[PDB]
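Convention: sequence-line order gives letters A, B, ...; per-chain numbering from 1.
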Amino acid sequence: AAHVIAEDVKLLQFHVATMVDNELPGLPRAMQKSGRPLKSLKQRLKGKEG
Amino acid sequence: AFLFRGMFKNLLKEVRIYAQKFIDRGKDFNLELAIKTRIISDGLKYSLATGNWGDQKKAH
Amino acid sequence: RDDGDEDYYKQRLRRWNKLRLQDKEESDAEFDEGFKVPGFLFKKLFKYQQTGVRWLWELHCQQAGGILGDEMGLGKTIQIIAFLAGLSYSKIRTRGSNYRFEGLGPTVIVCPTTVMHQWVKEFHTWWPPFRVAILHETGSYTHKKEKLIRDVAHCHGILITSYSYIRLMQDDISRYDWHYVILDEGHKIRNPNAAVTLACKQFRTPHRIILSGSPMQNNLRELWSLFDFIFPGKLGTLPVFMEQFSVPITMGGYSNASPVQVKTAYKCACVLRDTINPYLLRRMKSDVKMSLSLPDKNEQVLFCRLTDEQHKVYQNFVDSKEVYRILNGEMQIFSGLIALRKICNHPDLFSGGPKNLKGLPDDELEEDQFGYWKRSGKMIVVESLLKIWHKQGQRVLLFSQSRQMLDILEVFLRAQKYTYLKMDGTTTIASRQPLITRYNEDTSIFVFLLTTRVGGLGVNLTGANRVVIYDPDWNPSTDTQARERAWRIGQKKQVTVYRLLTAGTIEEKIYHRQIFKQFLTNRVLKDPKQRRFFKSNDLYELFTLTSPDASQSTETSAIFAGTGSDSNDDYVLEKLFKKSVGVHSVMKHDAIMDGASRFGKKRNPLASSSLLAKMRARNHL
Amino acid sequence: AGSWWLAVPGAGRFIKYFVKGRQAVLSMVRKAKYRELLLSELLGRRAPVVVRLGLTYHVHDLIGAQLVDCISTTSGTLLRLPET
DNA sequence: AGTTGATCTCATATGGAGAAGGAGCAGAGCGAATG
RNA sequence: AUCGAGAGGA
DNA sequence: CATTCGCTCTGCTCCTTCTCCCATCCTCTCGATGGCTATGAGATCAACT
Ligand SMILES: [Mg+2]
């Protein structure tokens, strides 16, 4: 069904997105089990500790 | 008291969830099996251990 | 040998013609729209096989698939080959479409490797003109297997493949325009999430056929997966099918189901049965006496007691905190069921047995061995069975679900000095058929030791006439397949089958699942009006030890009360009780399995009044 | 993706002039008295600077597209906005 | 040129600061149509 | 060993 | 023919939105994370002859 494949491409887009940037403004955080947020490539590069 | 309210609410929730799938199956349930005493015992223990004052699922 | 080569196929045609010239009358069976079966082939078929060929033609005209669901032994393969021969013979010119064959295009048959050469032999017997080639390491082809598929597509041969090659060669297979896909033993695609299932559904042809003796075995979901191969979209999507049929029909098999649930289930079963009926053709052996007859089967369930130490071990396990973690949802129930089912088989499988010592003299080395028969309540029964049957000169198949228990049984058979053969999934496939023929020929071998799942279909062990199923499986079709090693065409003797169970343990509940599942199957495939037996809460209470005193009924006898289910076999039972072996009770399995006006005055077809009557009767009580 | 129209190079110049001319010439009918204009009077009128493709070309388009109705009269052909 | 056997592998059962976009909207000035 | 938290030093 | 009118096209405010950043180095303790049983089929090619 077209709405299922739309939702699945939307989920693929969300995962490829949160691989690069897990600090998106309008979307949920990608998380491990126990709920901690995943560190993305951007968070690896960004800050004083990056 | 703040912690224990939420933990007792979660316990009543789980007792309802357990018993409903028996009343949906037309037969009485043992409440000694419905009460999952881990909720209070580990909720208070966890929050005192870590100092995260809330649901362990919401630690951040 | 098979026509993967070309000079073999040429030689096989030249030989067939040189034979045919020496025999140098019946008339073709005309159906309709053009289909003909050669008269010499149609005469060779039974009327039920003729009906199957006609049904296959009606499906070919509709361009629908079908499940040829006939019970094992009715000769499904002949019906398929006779139909395909008819298609090739009558040169059916496909209307209005790119498949401008004048005959049969490339066919793929997918089957277990154990039956590939049977298909080749049947084709080379019944319709020699075909070019049948096995895509397998047992196939005759010498070049790379990619080129065989091109050759068999180009010349419109018949490709025979394993399910594993379909799963692995998805592209090189599905690249081509196959005309027919036949799934033999097609219950192998019964899991909709399995990758063999997804690979089989990639075939573009509408002419998809399944051969299976069991369209369903556990769940209505298996039926969905087969119909989603056979007629995509006929049963809708799986989530919808589960909501509309699986839940309503299941929830009205319970004896504690409310009247509304019982009616809703009866309706849903009638709807499903009417939806699948055109596309599932299923004859039973009782429906057609033409294909011989079997001797009588006596199948009984023996309720054994736990030994006192086995009862302690089992009770301590159900009082354990592992079981508390299981019931509190911290653990999956699976490890606990595996443990309970071990304890029921032999406690040493759980406990490791009595503690090992070294330097003991040889006389101590019996009671202290791992798997000693006197610690298992079921082995004390098997001991008395084997002792009576060896004295009667019967021959025994001894099945267990587990191979660990099969080793404990082998150690017992050696210590009792019986002659036996053993087979299991570790027994090399090339050496299996030599063992089965040796057993059938050498009547000096008393026991064949066998896991239930080894060998697939086609293990013909009809040298035996007594069967013990040592422990129950969750899938009912496993234990019916087990007895059908002995009770099958070619059996000359009355087969007695004993199923061992331990009363008030997990084993009695596993048997209750088998019956519940078989009733669920019969409610769709036989008759939706059926009596309701099991309470749901009783069917899923798995971790409670009960064990009846000799004065008490089993739960099975309480459930099936009033059904009538409570000299060699009489003599065996007499000694199983009078010896005080620890048989609590016996039930008859076949008896348990008996679960049973201003308007409309003028026409412009079904009359409204009868369509309305059907709708009302379907929606009222 | 994977599909293309046959096109004419430079069609944008024509399409620009055509779209603006069409709206211009249709407004000449819309703005005239009664929303009526006699075709001979229109074709005699000094075309707007917006009507670069010519005024007859546009009246043939407008009539073919059914954007204006012709009415025959004793005075000759009359353009109208259609009751739509 | 033909034959064996580990081994993998599927599959089964139960704060804040700056920057950027948009809408509102005023009104300049161009060209058609008067009057 | 990692991640997180808290308490400290200049 | 001198308006006059209507219509297109800037460009000037005032939001909403959103993205970025927040001293250096060092020490210690503490909590948490922390992942079936088993039997079958069956394809591979390492490796015997
Ligand atoms: Mg078959």
Reckon B/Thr50 has a side-chain N or O less than 4.0 Å from the OP1 or OP2 of F/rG4?
-> no
What is the nucleic acid contact for C/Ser402, judged by heavy atoms within less than 4.0 Å: base, sugar-phosphate only, or nothing?
-> sugar-phosphate
Please work out if C/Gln404 contacts a base, only the sugar-phosphate, or nothing of the nucleic acid, heavy-atom cut-off 4.0 Å.
-> sugar-phosphate
State, with a plain yes or no, whether a side-chain heavy atom of C/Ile109 is found less than 4.5 Å away from one of C/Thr161.
-> no
Report yes or no: do C/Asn191 and C/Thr197 form a side-chain donor-acceptor pair below 3.5 Å?
-> no
Is G/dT39 paired to anything, Watson-Crick or G-U wobble with both distances less than 3.5 Å, and if yes, which nucleotide?
-> none
Should C/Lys145 be listed as having a side-chain N or O under 4.0 Å from OP1 or OP2 of G/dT44?
-> yes
Whole angstrom value for the distance that separates P of G/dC30 from NZ of B/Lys45 | 18 Å
Name the nucleic acid region contacted by C/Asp424, choosing base, sugar-phosphate or nothing; use a 4.0 angstrom heavy-atom cut-off, strictly under.
-> sugar-phosphate
Answer yes or no: does a side-chain N or O of A/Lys42 lie under 4.0 Å from OP1 or OP2 of G/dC20?
-> yes
Quick one: which of C/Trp474, C/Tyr540, C/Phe534 gives a ring-ring contact (aromatic ring centres under 6.0 Å, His included) with C/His512?
-> C/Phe534
Separation of G/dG42 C1' from C/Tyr165 OH (nearest whole Å) | 9 Å
Determine the interatomic distance between P on G/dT29 and the same-named atom on E/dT7; round to the nearest Å.
-> 47 Å
Please state how far atom CG in C/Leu135 lies from atom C1' in G/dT44, giving the value in whole angstrom units.
-> 15 Å
Please say whether more than 12 non-hydrogen atoms of neighbouring residues, nucleotides or ligands are located less than 6.0 Å from CZ in C/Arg175.
-> yes
G/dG35 and E/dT3, which share atom name P, separated by this distance in whole Å = 49 Å
Phosphate OP1/OP2 of G/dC30 contacted by B/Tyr46 side-chain N/O (<4.0 Å) = no
Which nucleotide, G/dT44, G/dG40, G/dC36, lies nearest any side-chain atom of C/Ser335?
-> G/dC36
Map C/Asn191 and C/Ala430 onto DNA chain E by nearest heavy atom, then report which one ends up closer to the 5' terminus.
-> C/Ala430
Can you check the A/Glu49 CD to G/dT24 P distance for me, whole Å?
-> 11 Å
May I ask you to say whether B/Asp24 pairs ionically with B/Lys21, meaning some side-chain N is under 4.0 Å from a carboxylate O?
-> no
When the distance from NZ of A/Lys46 to P of G/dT19 is rounded to whole Å, what number comes out?
-> 12 Å
Across the strands shown, which category fits C/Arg432 at heavy-atom distances under 4.0 angstrom: base, sugar-phosphate, nothing?
-> sugar-phosphate
Give the rounded distance in Å between these two atoms: CD of A/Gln43 and P of G/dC21.
-> 11 Å
Bounds of contact between DNA chain E and chain D, in 5' to 3' order, using a heavy-atom cut-off under 4.0 Å | E/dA32 to E/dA33
Describe the nucleic acid contact of A/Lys48 in one word from base, sugar-phosphate, nothing, applying a heavy-atom distance below 4.0 Å.
-> sugar-phosphate
Smallest heavy-atom separation, C/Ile510 atom then C/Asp473 atom, equals CG2-O, 3.2 Å
Rounded distance in Å between the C1' positions of G/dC36 and E/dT12 | 13 Å
Could you tell me whether C/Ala339 contacts a base, only the sugar-phosphate backbone, or nothing, with contacts defined as non-hydrogen atoms closer than 4.0 Å?
-> nothing
For A/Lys33, which contact category applies under a 4.0 Å heavy-atom criterion: base, sugar-phosphate, or nothing?
-> nothing
Contact class for C/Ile333 (heavy atom, under 4.0 Å): base, sugar-phosphate, or nothing?
-> sugar-phosphate
For a salt bridge (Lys or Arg N to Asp or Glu O under 4.0 Å) with C/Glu507, tell me which candidate from C/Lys378, C/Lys342, C/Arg341 qualifies.
-> C/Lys378
Under 4.0 Å between a side-chain N or O of A/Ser34 and OP1 or OP2 of G/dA32?
-> no
Rounded to whole angstroms, how far apart are CZ on C/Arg167 and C1' on G/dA41?
-> 10 Å
Knowing that exactly one of C/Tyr254, C/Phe516, C/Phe519 qualifies, which makes a ring-ring contact (aromatic ring centres under 6.0 Å, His included) with C/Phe533?
-> C/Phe519
For G/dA43, take OP1 and OP2 only and decide whether either is under 4.0 Å from a side-chain N or O of C/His136.
-> yes
OP1 or OP2 of G/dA41 less than 4.0 angstrom from a side-chain nitrogen or oxygen of C/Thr114, does that happen here?
-> no
Sugar of G/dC15, judged by the sign of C1'-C2'-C3'-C4' (positive north, negative south), puckers north
Do C/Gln217 and C/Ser477 pass the side chain to side chain donor-acceptor pair (under 3.5 Å) test, and can you show the C-alpha distance, the side-chain angles, and the key distance before you say yes or no?
-> CA-CA 6 Å; C/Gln217 296 181 1; C/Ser477 72; 3.2 Å; yes
Please state how far atom NE2 in B/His60 lies from atom P in F/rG4, giving the value in whole angstrom units.
-> 13 Å
Below 4.0 angstrom, N of the basic side chain to O of the carboxylate: do C/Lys145 and C/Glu137 qualify?
-> yes
Quick one: look at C1'-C2'-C3'-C4' in G/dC9 and give me north (positive) or south (negative).
-> south
The sugar of E/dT7: north or south, by the sign of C1'-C2'-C3'-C4'?
-> north
With distance as the sole criterion, is a donor-acceptor pair present between the side chains of D/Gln23 and D/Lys20 under 3.5 Å?
-> no
Scan C/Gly455 against the nucleic acid and name what it touches under 4.0 Å (heavy atoms): base, sugar-phosphate only, or nothing.
-> sugar-phosphate
Regarding C/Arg1 and the six-membered ring of C/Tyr8, is the cationic atom NZ or CZ under 6.0 Å from the ring centre and inside 45° of its axis?
-> yes
Sign of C1'-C2'-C3'-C4' (positive north, negative south) puts the sugar of E/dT14 north
Examine E/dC8 and say whether its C1'-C2'-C3'-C4' torsion places the sugar north (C3'-endo side) or south (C2'-endo side).
-> south
Hey, does the side chain of A/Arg36 come within less than 4.0 Å of G/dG31's phosphate (OP1/OP2), counting only N and O?
-> no
Euclidean distance for P, E/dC10 against G/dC28 (whole angstrom) | 49 Å
Between E/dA13 and G/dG40, how far apart are the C1' atoms? Round to whole Å, please.
-> 13 Å
Pairwise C1' distance, E/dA11 and G/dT37 [rounded to whole Å] | 14 Å
What's the shortest heavy-atom distance between C/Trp224 and C/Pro192, and which atoms?
-> CZ3-CB, 3.9 Å
Does E/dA23 sit syn or anti, given that only angles within 90° of 0 count as syn?
-> anti
Toward the 5' end of DNA chain E, which comes first, C/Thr428 or C/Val196, by nearest nucleotide?
-> C/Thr428
Measure from the side-chain heavy atoms of A/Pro25 and tell me the nearest of G/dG40, G/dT19, G/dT39.
-> G/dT19
Hey, does C/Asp473 reach any base, or is it just sugar-phosphate, or nothing, if we go heavy atoms under 4.0 Å?
-> nothing
Proximity to the side chain of C/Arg403 - top-ranked nucleotide from F/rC3, G/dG40, G/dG42 = G/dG40
Under 4.0 Å from any atom of DNA chain E, heavy atoms only: list the residues of residues 510-521 of chain C that qualify, in numerical order.
-> C/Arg513, C/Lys517
Residues C/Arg221, C/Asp228: salt bridge by 4.0 Å N-O rule = no
